[PDB]
Amino acid sequence: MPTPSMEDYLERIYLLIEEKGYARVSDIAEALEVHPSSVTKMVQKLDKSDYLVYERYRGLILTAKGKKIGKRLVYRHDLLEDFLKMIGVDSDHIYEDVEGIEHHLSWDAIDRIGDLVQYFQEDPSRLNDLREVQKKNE
Amino acid sequence: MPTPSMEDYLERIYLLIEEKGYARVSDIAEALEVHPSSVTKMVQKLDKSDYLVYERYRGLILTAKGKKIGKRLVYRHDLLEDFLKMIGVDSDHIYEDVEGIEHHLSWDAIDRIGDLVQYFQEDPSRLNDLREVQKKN
C-alpha cells in the first residue's frame, strides 16, 4: 500500500539515523533540494499510515513497520547493485539502473535475483565463466 | 532521443510489420489499448520526424531509422522476458515485470543481461545448479 516515494522517504530516514542518529525535515529538504513543506506533507502521509512519528526535539522516528520497510529497501538496493556489478554493467550506468528498476520489480523477481546473486558466490568460478562469455563476445 | 511513448509505439509497429508487412492503426490502438485518435496523433509525430510513413490502404511502414529502433526494442523486451523466465519468476508476474523495467535500464545493462542469458544457454547444467540454490533457499 505505500507508494514508491513513501518507501524512498523511509529508507532515507533510516539512513539519516544511520549517519548521525537523527532525521530532520530540514535534512531531507536539503538533500532533495525541495521545499520543506513538501517534506512535511510527505511526513504527514507517513505518520497517518503509522510508518513514523515526529517529536520536536528528536525529529523523525520510525515505527516498527516503518523501520522494517526502510531496512528492506537498503537491502534491495544492495542486492540489485551486487547483481548489476556481477553481470558487468559499467560504473557509468549502474547507479541509475539500480534506481530505475528497484521500484518496478516484484518481490518475487527481487528474490529470484537474490538466488542468482547467491548462485554466483556459492561456487565463485561461475563468475569467471560468465566473464569469459563477455570476453568471447568482444 | 525517442521518448518512452514513441518507443512503445515503435516496438508494437515493428512487431506487426515483421508479421504482416504493414501495421494498421486499428491494430495499434487495440494492442496499446488507446483510442484511435491518440494513435493518429502519435503517427503524425512519427511521420513528421521520419520514423515511418503511412501507405494508403496498407498502414504504416518504418523508415530505416524507425526499423532499426523498433527491432532493438523488440530484442530488449524479448531478452528481459527470457531473463525473467530463466531465473524462475512465476509466469503470472512476468508480463508486469518486463513492462515495469524495460524503460528503466541502460543498453549497457541490456547487453550484459544478454551475456547472462547466453552464459546459461551454453551449458544447461548451469540452470539446474541455479535451481538447486533456489529450492534450498
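Note that these values count all heavy atoms, side chains included, but never hydrogens, waters or copies made by symmetry. To find a chain, count down the sequence lines: A is the first, B the second, and so on, and within it residues start at 1.
- Under the 4.5 Å side-chain criterion, counting only non-hydrogen atoms from C-beta, A/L16 is in contact with A/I28.
- The number of heavy atoms from other shown groups lying within 6.0 Å of CD (B/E96) does not exceed 12.
- Salt bridge A/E132/A/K135: present, at least one basic N to carboxylate O contact under 4.0 Å.
- B/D97 contributes a side-chain N or O that, together with a main-chain N or O of A/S106, makes up a donor-acceptor pair within less than 3.5 Å.
- Residues meeting the side chain to side chain donor-acceptor pair (under 3.5 Å) test with A/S91, sequence neighbours left out: none.
- Residues A/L80 and A/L15 do not share a hydrophobic cluster, clusters being chains of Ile/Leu/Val/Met/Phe/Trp/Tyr side chains in contact below 4.5 Å.
- Side-chain N or O atoms of B/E33 include none that pairs as donor or acceptor with a backbone N or O of B/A29 at under 3.5 Å.
- One distance of note links CD1 of B/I69 with CE of B/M1; it measures 10.0 Å at 0.5 Å rounding.
- With hydrogens and angles disregarded, a donor-acceptor distance shorter than 3.5 Å links the side chain of B/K65 to the backbone of B/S49.
- Checked against the 6.0 Å centroid criterion, the rings of A/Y9 and A/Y14 do not qualify as a close aromatic pair.
- At least one side-chain heavy atom of B/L116 sits under 4.5 Å from a side-chain heavy atom of A/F120.
- The backbone N or O of A/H35 sits less than 3.5 Å from a side-chain atom of A/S38, completing a donor-acceptor pair.
- The side-chain hydrogen bond (donor to acceptor under 3.5 Å, both in side chains) contacts involving residues 20-29 of chain A comprise A/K20-A/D27, A/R24-A/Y54, where partners must be two or more places apart or lie in separate chains.
- The salt bridge (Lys or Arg N to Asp or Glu O under 4.0 Å) analysis of residues 98-109 of chain B, with sequence neighbours excluded, yields the pairs B/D108-B/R112.
- Cluster membership for A/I94 and A/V74, using ILVMFWY side-chain heavy atoms within less than 4.5 angstrom, is not shared.
- Within the structure, the side-chain hydrogen bond (donor to acceptor under 3.5 Å, both in side chains) test picks out the following pairs touching residues 68-81 of chain B (sequence neighbours left out): B/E7-B/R76.
- The nearest pair of heavy atoms linking B/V133 to A/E122 is CG2-OE1, 3.6 Å.
- In this structure, B/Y95 is not a member of the same hydrophobic cluster as A/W107, with clusters built from ILVMFWY side-chain heavy atoms closer than 4.5 Å.
- No side-chain donor-acceptor contact under 3.5 Å links B/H93 to the backbone of B/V89.
- Within the 3.5 Å criterion, the main-chain N or O of B/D50 finds a donor-acceptor partner in the side chain of B/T63.
- Residues A/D115 and B/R131 fail the side-chain proximity criterion, which asks for heavy atoms closer than 4.5 Å.
- Between the A/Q121 side chain and the A/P124 main chain, no donor and acceptor come within less than 3.5 Å of each other.
- Residues B/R126 and A/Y119 are in side-chain contact: their nearest non-hydrogen atoms beyond the backbone lie under 4.5 Å apart.
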Take A/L52 and A/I61, measure what side-chain contact (heavy atoms from CB on, under 4.5 Å) needs, and give me the verdict at the end.
CA-CA 5 Å; A/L52 57 78; A/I61 301 154; over 6 Å; no
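- Linking ILVMFWY side-chain heavy atoms closer than 4.5 Å, directly or via other members, places A/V53 and A/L60 in two distinct hydrophobic clusters.
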Let's go through A/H104 and A/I101 carefully: what are the C-alpha distance in whole Å and the side-chain angles of both, what is the deciding distance for side-chain contact (heavy atoms from CB on, under 4.5 Å) to 0.1 Å, and is it a yes or a no?
CA-CA 5 Å; A/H104 299 108; A/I101 63 183; 5.5 Å; no
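- By the side-chain contact (heavy atoms from CB on, under 4.5 Å) test, A/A31 pairs with A/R12, sequence neighbours left out.
- No single ILVMFWY cluster, assembled from side-chain heavy atoms under 4.5 Å apart, contains both A/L73 and A/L79.
- A/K41 pairs by the side chain to side chain donor-acceptor pair (under 3.5 Å) definition with nothing, not counting sequence neighbours.
- Between A/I87 and B/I113 there is a side-chain heavy-atom pair separated by less than 4.5 Å.
- Of the possible donor and acceptor atoms, none in the side chain of A/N128 sits under 3.5 Å from a partner among the backbone N and O of A/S125.
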What's the verdict on side chain to side chain donor-acceptor pair (under 3.5 Å) for B/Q118 and A/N137, showing C-alpha distance, side-chain angles and the deciding distance?
CA-CA 10 Å; B/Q118 189 187 328; A/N137 286 353; 2.8 Å; yes
